[PDB]
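# Structure at a glance
Read off the chains here:
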Amino acid sequence: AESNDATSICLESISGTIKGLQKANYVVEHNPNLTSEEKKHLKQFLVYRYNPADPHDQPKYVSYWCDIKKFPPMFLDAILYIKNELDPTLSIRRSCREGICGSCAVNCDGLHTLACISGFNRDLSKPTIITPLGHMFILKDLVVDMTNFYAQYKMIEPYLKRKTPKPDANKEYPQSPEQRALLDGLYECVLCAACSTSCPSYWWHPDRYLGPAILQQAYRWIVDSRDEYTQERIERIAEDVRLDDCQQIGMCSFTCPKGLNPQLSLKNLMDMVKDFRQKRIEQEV
Amino acid sequence: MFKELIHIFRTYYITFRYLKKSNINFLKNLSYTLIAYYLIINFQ
Amino acid sequence: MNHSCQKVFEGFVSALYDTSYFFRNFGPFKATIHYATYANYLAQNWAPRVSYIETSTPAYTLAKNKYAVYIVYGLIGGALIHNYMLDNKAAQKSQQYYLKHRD
Amino acid sequence: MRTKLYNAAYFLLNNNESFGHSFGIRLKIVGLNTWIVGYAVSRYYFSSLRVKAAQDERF
Amino acid sequence: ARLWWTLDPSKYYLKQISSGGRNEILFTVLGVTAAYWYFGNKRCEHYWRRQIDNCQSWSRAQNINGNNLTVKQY
Amino acid sequence: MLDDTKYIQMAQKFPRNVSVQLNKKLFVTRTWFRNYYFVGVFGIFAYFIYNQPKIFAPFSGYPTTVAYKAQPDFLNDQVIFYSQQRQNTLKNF
Amino acid sequence: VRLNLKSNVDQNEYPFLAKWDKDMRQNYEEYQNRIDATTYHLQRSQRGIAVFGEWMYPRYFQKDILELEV
Amino acid sequence: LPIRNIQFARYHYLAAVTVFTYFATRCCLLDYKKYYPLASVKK
Amino acid sequence: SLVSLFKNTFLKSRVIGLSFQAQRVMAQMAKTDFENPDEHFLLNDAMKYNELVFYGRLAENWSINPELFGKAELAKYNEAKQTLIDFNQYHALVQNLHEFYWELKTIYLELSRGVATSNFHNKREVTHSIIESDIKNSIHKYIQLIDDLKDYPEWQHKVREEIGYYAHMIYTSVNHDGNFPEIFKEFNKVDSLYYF
Amino acid sequence: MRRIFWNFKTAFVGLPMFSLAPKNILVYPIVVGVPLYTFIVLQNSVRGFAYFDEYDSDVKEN
Ligand SMILES: CCCCCCCCCCCCCCCCCC(=O)OC[C@H](COP(=O)([O-])OCC(O)COP(=O)([O-])OC[C@@H](COC(=O)CCCCCCCCCCCCCCCCC)OC(=O)CCCCCCCCCCCCCCCCC)OC(=O)CCCCCCCCCCCCCCCCC
Ligand SMILES: CCCCCCCCCCCCCCCCCC(=O)OC[C@H](COP(=O)([O-])OCC(O)COP(=O)([O-])OC[C@@H](COC(=O)CCCCCCCCCCCCCCCCC)OC(=O)CCCCCCCCCCCCCCCCC)OC(=O)CCCCCCCCCCCCCCCCC
Ligand SMILES: CCCCCCCCCCCCCCCCCC(=O)OC[C@H](COP(=O)([O-])OCC(O)COP(=O)([O-])OC[C@@H](COC(=O)CCCCCCCCCCCCCCCCC)OC(=O)CCCCCCCCCCCCCCCCC)OC(=O)CCCCCCCCCCCCCCCCC
Ligand SMILES: CCCCCCCCCCCCCCCCCC(=O)OC[C@H](COP(=O)([O-])OCC(O)COP(=O)([O-])OC[C@@H](COC(=O)CCCCCCCCCCCCCCCCC)OC(=O)CCCCCCCCCCCCCCCCC)OC(=O)CCCCCCCCCCCCCCCCC
Ligand SMILES: CCCCCCCCCCCCCCCCCC(=O)OC[C@H](COP(=O)([O-])OCC(O)COP(=O)([O-])OC[C@@H](COC(=O)CCCCCCCCCCCCCCCCC)OC(=O)CCCCCCCCCCCCCCCCC)OC(=O)CCCCCCCCCCCCCCCCC
Ligand SMILES: CCCCCCCCCCCCCCCCCC(=O)OC[C@H](COP(=O)([O-])OCC[N+](C)(C)C)OC(=O)CCCCCCCCCCCCCCCCC
Ligand SMILES: CCCCCCCCCCCCCCCCCC(=O)OC[C@H](COP(=O)(O)OCCN)OC(=O)CCCCCCCCCCCCCCCCC
Ligand code: SF4
Ligand code: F3S
Ligand code: FES
Ligand SMILES: [Ca+2]
């Protein structure tokens, strides 16, 4: 048995918003039994914690005071020190430890980046805040739901398609060093989604607009000389706002920890789409 | 111009996502008709 | 919502959907909508115009399509100027008539 | 089913020069168009006002 | 941000008809004829007018009920 | 030429008996959101276009007006009115 | 004209004629200020140049004329 | 590719925008009733 | 019969001319997604789309006068009429799929408005029963549709890729507790694995 | 209970917005309208802002 709850829900929503604004950045000390003298020698990490599986848990910062002279100087090292030594219930993805897998992408103190190859402010006064990627649903602690990112990646058909049979089948698709260097700086993406989680167009329209990373992959498969579905890929990415929604903010190239330039790739894709639209009229006549 | 206004409203307002491209086109046609009527009538 | 209000709401939305569907798909109404949609398309996407894409070699394009703009401008400007001259002539005629009739 | 939630990125990203540079242009255009439309609406509104009436007048 | 302002016509509306250019002269003829008629009527009404104010221009007023309008000195 | 093979096949061969029932409630919800964004958003623009000329050009909408002359009626304490039709025109530029 | 607010009619012998004059004189100053503002607007607009003014003075400043008459 | 009378189209669109804005905003036909208190008088 | 001559000539011209274009229009409609299948025709170029939509009804309904037709001409007209009828049915099918897609997108939009950051006034922690029932029935209908398209691999694949996208997003919008196992029982079989 | 995490003073949506938005929204308004409005107002007043008094303002009833 249930009844209409528009009024109760509305009042609760407004009141909760006001209170949260009053009590934003809620913080709970991991170990309150710390003399303020000791905290002079220890740096403070504010780690976002949230366990939606537990019905009684709510998001909150947890404060950990750690001696930075016990582990190497990287965000992942500090996170794992906290997990192993202080609280082993902390959750985070980590495979490669050398910035290759791209699993550890998190909001390392105000900037999306891989936690394994990013240092942290050594100063003991300013606190460090570690939170998950911004606009991604949070599963537990620093683990977000990147499923939609992969689903979008699947829609670009990232596999070499060729319309012309190989002449002899005992050779390799010819490609000069120039047609290979055309891909240099473009195939190194590790699909970390750090850039795409920083693109405002991706904030507003996660589904209709592919991220900067996926569009960069489409560009990689387009510029590749061995594939023959150039126009087909261009047309496929030209639908609705799969690409048109990009506003050339340029944050994608700024955040990329690998040093890639997805902004330039998207710009080239836009130019190619414009030329495709024009010459669909100019050529066929 | 009109296209840009519609694009901004679609990208910023979640509710406006409900409208199809067909409804947007109908609004476009009505707006063009009203603009033509306005231009013509003001000179009468 | 309350399941009684749920029944009422489901009935109401079903009635709205049925009314809309009937009105749209009724024979005469369907024909009217179908013809008016195409009329609107013709008006919006095939309105008179002065600029259009030229896909024909100069040998395969009529003279009308090279001087249509000039003909249109001539017509409109001539209409405006002739109306102005007619207004002046009518002003003079009225003034003279009412003057000769008295004072 | 407890709906999932997320932390809006713009609430937790250090302010950057790219955001500023691009949103500056967007806000310039937004301000221009809003100013034009608001001026039109203001003229309409003020012209819609009634004429001043006498003191203590009914109808 | 991306630049988008331009005065160029859109290719969506730039098509021609099969038999040649769009119906421009045919519609302009109609427009000119309609303008001629409208402005001729306006000019004829405007210029041939005078205001004659004398006793014969006044008639007895009446209500919407048709009766003669008279208001008491209440 | 674009390799539209699969799309050509889809167009040529499509089922002619497959249909899906539509939840009336959700259809109605979307359509009424559309009506909300028409009446309450585009309605502003449409009403402005329709009315603003009628606010800045009122004289062309009321062509004929009436004028009155009055005389006393002493023996009955009445007032006698004579009406007159006029063409509503500008005055005192 | 800056008419005085004190009516010169005799209230004992012409009550309604006195009340009408009193109200007219009471509101005359305010309505005169409004009329002056409207006329100033009209003439200044007529002093304009081309589209900003004369070219379209009489015909497009209709609401102002209506307000002036009212 | 060639567009017949493209320049005419550009100028027509510009003129349409200008006229519509002029009538909608009445930018050129301001109101001076607000300035009357701040103006001198003759006669 | 002069009027008959003109009617038949008009019908022949329009129908035969459009029949040569039906392939292109139908292919383009297939190429786009189900959110706005006529998007290309509304935004980029109306490749005789509205003409086909209008003249399909005339081909179906308006009569013919064979004595005004030749032999090969009459055969060609019958072929073109059949092509236009095929286009009518194809458009009806695409419309049905598009409306089902918009049903699913409406459900997703309600969820998104629920979890929007600006939604300071209508924030709900726990999904209510009505939307849960809507999700369950929508997914049931979607599974039935996928089954009904077993003879058309391309159509089945397109229906998955297009419509099931929002089913997957709905899947991601909620936690895996409460009635979640039952609501997404059918979705968990194959579709959930596809969207990973 | 809605818990909001927000860097008020450093996040892009915060004090930086107060510093940025007002100076960018009013760019075209100022630089265009102010010269344009000045031109429109002054072009009437080639000789002066004189009100040609059509009514006897200097005349006061005795
Ligand atoms: C005087 C002449 C007459 C004037 C009035 C004329 C009115 C004409 C008809 C208007 C019809 C409007 C409704 C139809 C349009 C579509 C609406 C829609 O999307 O429907 C669903 C959508 C609701 O979606 P939802 O799912 O419930 O929301 C969750 C979604 O995530 C939400 O997702 P979303 O992105 O879709 O939601 C955004 C949503 C906005 O909705 C929201 O989500 C929140 C709305 C409330 C926000 C309140 C402020 C929050 C705090 C911000 C900071 C403020 C600081 C102030 C102090 C500063 C100090 C220095 O945006 C809109 O509503 C779009 C249209 C907005 C403009 C048109 C309406 C203007 C109304 C102005 C008067 C309001 C009443 C008087 C108020 C003042 C009384 C003293 O909207 C509604 O149903 C509500 C409609 C708006 C109600 C009024 C709220 C206040 C708005 C004030 C705006 C002021 C602008 C400045 C100029 C004002 C000049 C007058
Ligand atoms: C948070 C709470 C906030 C509360 C705010 C409350 C505000 C209350 C306002 C009350 C009404 C004021 C009206 C002023 C009228 C001014 C004109 C005038 O005197 O006309 C005479 C008027 C006749 O008007 P008219 O001549 O026919 O036409 C007037 C038009 O404006 C055309 O005249 P014009 O041709 O002379 O026009 C001049 C020209 C001038 O334009 C220009 O050239 C622009 C120049 C701009 C320069 C700005 C410089 C700023 C410097 C910035 C520097 C930044 C540096 C940063 C550096 C950073 C570091 C690097 O155009 C404009 O003025 C543009 C106006 C259009 C506005 C567009 C935007 C509209 C939407 C946004 C509104 C604001 C939203 C704020 C939200 C805030 C949220 C937190 O008749 C009168 O005698 C009326 C006098 C005014 C009183 C009217 C009373 C009405 C009462 C109604 C009942 C309800 C009242 C409710 C009150 C509620 C109170 C809370
Ligand atoms: C004037 C006063 C009277 C007006 C009466 C209006 C009556 C309208 C009733 C409509 C009823 C439903 C019609 C359904 C469609 C049936 C016909 C059909 O399918 O088309 C056959 C035929 C060929 O169609 P198609 O084969 O599909 O070709 C298109 C394909 O894309 C294939 O293209 P293609 O490349 O193969 O080339 C084929 C070419 C072939 O086209 C032609 O051959 C037609 C060329 C033009 C006419 C040529 C003949 C001229 C002489 C006629 C003499 C008639 C004498 C009558 C005597 C009667 C005595 C009792 O097609 C075209 O180019 C189509 C032209 C469309 C023109 C649309 C005009 C829109 C603007 C109208 C207003 C303009 C106002 C401007 C004001 C500006 C002021 C600054 O097209 C037409 O019949 C065109 C009709 C266009 C106008 C219809 C709508 C008019 C609405 C006016 C606005 C009224 C608003 C009032 C307020 C609203 C509430 C009342
Ligand atoms: C139930 C049915 C369904 C209802 C649905 C609901 C909505 C209603 C729908 C009703 C259907 C009609 C709707 C209206 C048409 C909409 C068109 C549209 O949206 O097109 C967008 C579309 C936008 O395309 P775009 O890519 O953005 O490019 C636009 C650019 O502007 C590019 O433009 P452009 O460059 O191509 O130019 C266009 C062209 C268009 O103009 C024309 O060619 C047309 C001309 C006028 C023809 C008027 C014919 C009117 C006939 C009326 C007959 C009576 C009807 C009575 C009916 C009664 C009922 C039966 O302009 C010109 O020709 C420029 C002429 C300039 C002349 C300059 C003069 C110079 C004088 C000096 C000479 C030289 C002197 C030298 C001295 C030197 C001294 C030193 O427009 C176009 O491309 C077409 C051009 C624009 C046409 C506008 C026509 C408006 C008509 C409104 C009629 C309202 C009637 C209301 C009646 C009410 C009765 C109660
Ligand atoms: C207040 C202002 C009002 C005016 C301005 C309005 C402005 C706003 C736009 C309004 C738009 C919406 C209009 C309302 C919707 C009307 C829907 C409708 O008709 O429903 C029928 C429709 C049934 O027809 P269906 O289901 O489509 O057809 C199967 C049937 O079994 C029947 O099968 P069937 O084969 O036995 O009969 C087929 C045919 C009767 O068949 C015939 O007897 C032959 C009819 C003519 C065929 C075309 C020959 C063209 C030859 C060349 C002409 C060249 C002229 C000069 C120019 C040359 C250079 C270009 O009957 C129809 O379906 C008539 C439909 C309307 C005319 C369609 C023809 C369009 C083209 C010709 C006219 C336009 C000029 C084009 C010139 C350029 C051409 C390239 O549904 C209804 O029964 C609904 C009834 C209730 C609603 C109201 C009904 C009103 C009826 C009006 C009749 C007007 C006849 C034409 C008068 C012309 C006077 C000059
Ligand atoms: C007559 C009525 C007049 C009333 C005036 C009211 C003015 C309202 C101005 C609103 C500005 C914009 C924010 C609200 C609308 C957002 C719409 C939108 O699209 O956003 C969606 C998005 C949120 O949604 P999202 O981020 O989830 O994006 C959608 C993503 N999907 C689709 C995946 C769900 O943006 C926001 O809503 C951002 C909100 C930012 C709020 C900032 C608040 C600042 C408060 C400053 C207070 C200063 C006080 C100073 C006091 C000083 C004292 C000395
Ligand atoms: C940015 C996005 C949004 C953009 C929106 C754009 C909107 C465009 C609108 C275009 C149409 C404009 C129409 C203008 C009508 C103005 C009417 C008005 O209020 O005028 C003022 C009027 C008094 O004027 P007047 O009688 O002339 O007196 C002065 C004469 N010298 O005042 C009065 O007479 C007062 C009484 C009438 C007004 C009543 C208003 C009631 C409001 C109820 C609000 C309810 C909701 C409350 C929500 C909060 C709850 C906590
Ligand atoms: S685009 Fe840049 S940030 Fe994104 S996955 Fe590739 S390298 Fe990493
Ligand atoms: S950050 Fe964002 S919108 Fe475009 S170019 Fe770079 S993606
Ligand atoms: S931990 Fe290996 S790349 Fe992040
Ligand atoms: Ca290639």
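Within each chain the first residue of the written sequence is number 1 and the count goes on from 1 in that order, possibly differing from the entry; residues lacking coordinates are omitted. By the order in which they are written, chains take letters starting at A while ligands take numbers starting at 1. For clarity, the chains displayed are a part of a larger assembly, and the values are limited to that part. Values reported for side chains reflect all heavy atoms of the structure, with hydrogen atoms and water molecules removed beforehand.

This part covers the overall build of chain J. By the criteria applied, helices consist of DSSP H or I runs no shorter than four residues and strands consist of E runs no shorter than two, each listed in order from the N terminus. Summing up its helical and strand segments, chain J has two helices and one strand in all. For chain J, the succession of helices and strands along the chain, N to C, is α-α-β. Compactness check: chain J gives a C-alpha radius of gyration of 26 Å against a globular reference of 11 Å for 62 residues, more than 25% above the reference. When its C-alpha atoms are laid out on the principal axes, chain J stretches across 75 × 35 × 15 Å. When a residue's accessible area, from a 1.4 Å probe over protein chains only, is under 20% of the maximum for its type it is buried; when over 50% it is exposed; and in between it is partly exposed. Scored against the burial criterion, the 62 residues of chain J give a buried share of 37%. Carbon and sulfur atoms provide 67% of the accessible area of chain J, an area that totals close to 4100 Å². Note on charges: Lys and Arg go in the positive column, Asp and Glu in the negative column, and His and the chain ends are not counted at all. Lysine's charge is taken at NZ, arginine's at CZ, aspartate's at CG and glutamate's at CD. Charged side chains in chain J number 6 positive and 5 negative. The centres of these two groups are separated by 43 Å. For this measure, only C-alpha atoms enter the radius of gyration; the expected value for a globule follows 2.2 Å times N^0.38, where N is the number of residues. Working definition of accessibility: Shrake-Rupley area with a 1.4 Å probe, residue cover restricted to the visible protein chains.

The subject of this paragraph is the sheet that holds strand β6 (residues 128-131) of chain A. All names here are of chain A. Strand order across the open sheet formed by six strands is β1-β3-β2-β6-β4-β5, with mixed pairing between neighbours. This sheet does not close on itself; its edge strands, each paired only once, are β1 (27-29) and β5 (112-114). Shown here is a sheet whose adjacent strand axes are inclined to one another by a mean of 35°, direction ignored. Across three bridges, β1 lies against strand β3 (residues 60-66) in parallel orientation. Note on β3: the bridge partner recorded for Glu29 is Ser63. Strands β2 (43-49), β3, β4 (105-108) and β6 of the sheet are contacted by helix α2 (residues 75-86), whose axis makes an angle of about 90° with β3. Pairing between strands is defined by DSSP: at least two bridges between the two strands are required. Interaxial angles span 0 to 180 degrees and are taken between N-to-C directions of axes, which are lines fitted to C-alpha atoms, for helices over the stretch in contact. In what follows, residue pairs with any heavy atoms lying within 4.5 Å of each other are defined as contacts.

Here the focus is the UniProt feature "transmembrane region" (unreviewed entry) in chain J. Mapped onto this structure's residue numbering, the UniProt feature "transmembrane region" (unreviewed entry) falls at residues 25-42 of chain J. For residues 25-42 of chain J, the helix share is 94%, the strand share is 0%, and the end-to-end C-alpha distance is 26 Å. UniProt positions are given in the numbering used here, feature names are shortened, and annotations may be inferred rather than shown by experiment.

Surveying the vicinity of ligand 5 reveals the residues C:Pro28, C:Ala31, C:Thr32, C:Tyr35, I:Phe6, I:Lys7, I:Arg57, I:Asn61, I:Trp62 and I:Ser63. One heavy atom suffices: a residue is near a molecule or strand as soon as one of its heavy atoms comes within 4 Å of it. Site remark: ligand 5 is flanked by residues from chains C and I. When isolated, ligand 5 has an accessible area of 2000 Å², and the protein chains bury 28% of it. Only α2 (27-45) of chain C together with α1 (2-19) and α4 (49-61) of chain I provide two or more residues apiece to the shell around ligand 5. Sorting elements by how many residues they give to the shell around ligand 5 places α2(C) first, with four residues. Looking at the shell around ligand 5 residue by residue, the classes come out as five nonpolar, three polar and two charged. Put simply, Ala, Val, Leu, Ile, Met, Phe, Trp, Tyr, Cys and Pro go in the nonpolar bin, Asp, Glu, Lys and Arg in the charged bin, and everything else, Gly too, in the polar bin.

What follows is about the pairing of β4(A). The side chains of a regular strand alternate between the sheet's two faces. Residue and element names in this part refer to chain A. Where β4 lies against β5, three bridges are found, and the strand directions are antiparallel. Following the sheet pairing, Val106 is matched in β5 by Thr113. The hairpin formed by β4 and β5 contains three residues between the paired strands, and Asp109 there has a positive phi angle of roughly 65°. In this structure, β4 lies alongside β6, joined through two bridges in antiparallel fashion. The residue bridging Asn107 from the neighbouring strand is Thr131, located in β6.

A few words on the packing of helix α2 (residues 22-31) of chain I against helix α5 (residues 71-115) of chain I. Residue and element names in this part refer to chain I. At their nearest, the axes of α2 and α5 sit 11 Å apart, and the two run at 10° to each other. What the angle tells us is that α2 and α5 run roughly parallel. When α2 is examined against α5, the residues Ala22, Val25, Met26, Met29 and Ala30 are found in contact with a partner set consisting of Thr83, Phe87, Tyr90, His91 and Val94. Taken together, the residues that form the contact of α2 with α5 break down as eight nonpolar, two polar and no charged. Note on angle classes: values under 35 degrees are labelled roughly parallel, values over 145 roughly antiparallel, values of 65 to 115 roughly perpendicular, and the remainder oblique.

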